[PDB]
There are 2 protein chains.
Amino acid sequence: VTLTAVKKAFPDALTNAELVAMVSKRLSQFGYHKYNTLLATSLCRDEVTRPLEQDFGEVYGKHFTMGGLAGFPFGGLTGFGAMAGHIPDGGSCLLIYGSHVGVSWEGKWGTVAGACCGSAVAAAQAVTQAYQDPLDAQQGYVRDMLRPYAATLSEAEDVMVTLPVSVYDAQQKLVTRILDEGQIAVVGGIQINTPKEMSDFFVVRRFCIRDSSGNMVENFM
Amino acid sequence: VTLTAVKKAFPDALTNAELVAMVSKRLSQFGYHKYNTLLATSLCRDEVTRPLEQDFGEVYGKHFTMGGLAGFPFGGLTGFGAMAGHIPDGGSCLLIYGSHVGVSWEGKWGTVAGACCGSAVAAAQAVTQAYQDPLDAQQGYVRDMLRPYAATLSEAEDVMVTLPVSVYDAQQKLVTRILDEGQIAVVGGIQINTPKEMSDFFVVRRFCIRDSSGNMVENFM
Ligand SMILES: [Cl-]
Ligand SMILES: [Cl-]
Ligand SMILES: [Zn+2]
Ligand SMILES: [Zn+2]
């Protein structure tokens, strides 16, 4: 079963519903409601990642996709400046970002009914193999972010499990670096895509609130 | 008045409503309907560009933003592969891409109630001035696309009018190059953002249909 597989690798995984309930509740105490809140995402643009945005979309009205290949916010600081303009009058922003990974009905990681994450996996093979382009400009940027994780990916026990871990790690550092330059609440972690008739999962690894200044006002971790 | 300003620079400009009516009608004869059609956009992610997607959204059900800074589809070929997965069962795709540009109530180009397009303008100053970055990775890619247009931008009569022309041109070449590698219908041109209480405009410069093979099945220009 897939449940067993997920709970094994990631015992702290919450269901999408649990994730959204968890987050909405907490952010309620800080002024976050349905129509004063910009939901921004930085998830991979493969369609399997849609369920998380959909679930969060019901609770928060307007939405902004900031996600590039593999879930990287490679719009960078300029892209962030664009997002800030979508924030409602007197509003705040919620940023959900994360890597993602498929796990099949047969409990297999790195896939779900093809490769998932396709883009991460691709770049994984490219950086490990070499451990031993305006037409694909972003895939190259994904490779660059994954280069420092090469050793870990070859040394890894199970690679299709270590991969989204490594991708979230690189995303986290980037997002932090970007926010620091530029209230905004931040959810970060690992998205887990399961078979259609089955709830998806999210591993929370960062849940905090920052100010217009740039310092961490709260940390729910 | 803004109308006079628009009609001057771009006498062939259609209103959003006209654009959508025009396009939906034509594509009707080719099997494009509301729930079998993937609307993909490659527009700048500034919120002023939203009206075009909104208007096209009413006619075509599901939507996919493929647009990066300035309207460039810098997800490239990999990003395109992602999009193809959002295409409904037995469905086809409609790709709207374009540069955009603000024009004010006082008939001024390059702005509308700040700079618009902010990202294009920024890169314009950077390439002209020099005519005489994972934290901003895409803005750098915009600059690269605009480099060949530098001479034209300094030589230009009005720069805030020549700029979106130059940006569409560079987008067009890129989109074509990308499609050629990878039915899909393609609308390309210049988006014109006008004051809030006023309809926006679109200058059509490319309207065609391509096949899964890669050749142009139709050209409505
Ligand atoms: Cl499966
Ligand atoms: Cl104005
Ligand atoms: Zn992916
Ligand atoms: Zn713009």
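Here's a quick rundown of the structure.

Calculation notes
- Note that residue numbers begin from 1 in each chain and follow the written sequence, not necessarily the entry's scheme, while residues that lack coordinates are absent from the view.
- Going through the entries in the order they are written, you letter the chains from A and number the ligands from 1.
- For side-chain calculations, the full set of non-hydrogen atoms in the structure is used, while hydrogens and water are omitted.
- Residues with missing side-chain atoms are left out of burial classes, side-chain pairs and their counts.
- For helices the rule is a DSSP run of H or I covering at least 4 residues; for strands it is a run of E covering at least 2, with both sets numbered from the N terminus onward.
- In this setup the radius of gyration rests on C-alpha atoms only. A globule is expected at 2.2 Å times the number of residues raised to 0.38.
- Distances decide who is a donor: an N, O or S atom must be within 2.8 Å of the metal, or within 3.2 Å for Na, K and Ca. Water is not included, so sites may look incomplete.
- In this scheme, a residue with accessible area under 20% of its type's maximum is buried, one over 50% is exposed, and one in between is partly exposed, where area comes from a 1.4 Å probe on protein chains only.
- In the cavity and pocket records, a cavity denotes points on a 1 Å grid over the protein atoms alone where a 1.4 Å probe fits but cannot get out, a pocket denotes an open set with protein on both sides within 12 Å along at least 5 of 7 lines, and lining residues are residues with an atom within 4 Å of a point.
- Grid points are joined across faces, edges and corners, and a volume is the space filled by probe spheres set on the points.
- Throughout this entry, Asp, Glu, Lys and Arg are counted as charged residues, while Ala, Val, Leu, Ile, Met, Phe, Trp, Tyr, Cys and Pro are counted as nonpolar. The remaining residues, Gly among them, count as polar.
- Strands pair, by our definition, only if DSSP identifies at least two bridges between them.

### Here's the deal with the overall build of chain A
Then comes step 1: A tally of helices and strands in chain A yields eight helices and seven strands.
Then comes step 2: The C-alpha radius of gyration of chain A comes to 17 Å, within 12% of the 17 Å expected for a compact globule of 221 residues.
Then comes step 3: Taken along the three principal axes of its C-alpha coordinates, chain A extends 50 × 40 × 30 Å.

### Description of the coordination of the zinc ion (ligand 4)
Then comes step 1: For the zinc ion (ligand 4), every protein donor is listed as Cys44(B) (SG), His100(B) (NE2) and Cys117(B) (SG), and the spread of their distances is 2.1 to 2.4 Å. The two residues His100(B) and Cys117(B) agree in class, both being buried.

### Some words on empty space enclosed by the protein
Then comes step 1: Roughly 250 Å³ of internal volume is contained in the largest cavity.
Then comes step 2: In this structure, the largest cavity is lined by 24 residues; those nearest its centre are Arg45(A), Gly67(A), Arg45(B), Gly67(B) and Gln138(B).
Then comes step 3: Sorting the residues of the lining of the largest cavity by element identifies β3 (63-65) and α4 (76-84) of chain A together with β3 (63-65) and α4 (76-84) of chain B as the ones contributing at least two each.
Then comes step 4: Across the lining of the largest cavity, the residue classes tally to 10 nonpolar, 12 polar and two charged.
Then comes step 5: In this model, the second largest cavity occupies a volume close to 90 Å³.
Then comes step 6: Lining the second largest cavity, in full, are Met66(A), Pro73(A), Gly76(A), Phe80(A), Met83(A), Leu95(A), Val175(A), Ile178(A), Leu179(A) and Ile184(A).
Then comes step 7: Those elements that place two or more of their residues in the lining of the second largest cavity are α4 and α8 (159-181) of chain A.

### Comments concerning the pairing of strand β2 (residues 37-42) of chain B
Residue and element names in this part refer to chain B.
Then comes step 1: The buried fraction of β2 amounts to six of the six residues, a majority that puts the element mostly inside the structure.
Then comes step 2: Neither face of β2 is left uncovered, since the one carrying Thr37, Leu39 and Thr41 and the one carrying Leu38, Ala40 and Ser42 both have all their residues buried.
Then comes step 3: Bridge count for β2 against β3 is three bridges, and the pairing is parallel. Across the sheet, the residue bridging to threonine 41 is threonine 65, located in β3.

### Describing the layout of surface pockets
Then comes step 1: Within this model, the largest pocket holds a volume of roughly 790 Å³.
Then comes step 2: Surrounding the largest pocket, 29 residues form its lining, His63(A), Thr65(A), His63(B), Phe64(B) and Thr65(B) being those nearest its centre.
Then comes step 3: Elements with a contribution of two residues or more to the lining of the largest pocket: α3 (50-59) and β3 of chain A together with α3 (50-59) and β3 of chain B.
Then comes step 4: Its residues assigned to classes, the lining of the largest pocket shows six nonpolar, 13 polar and 10 charged.

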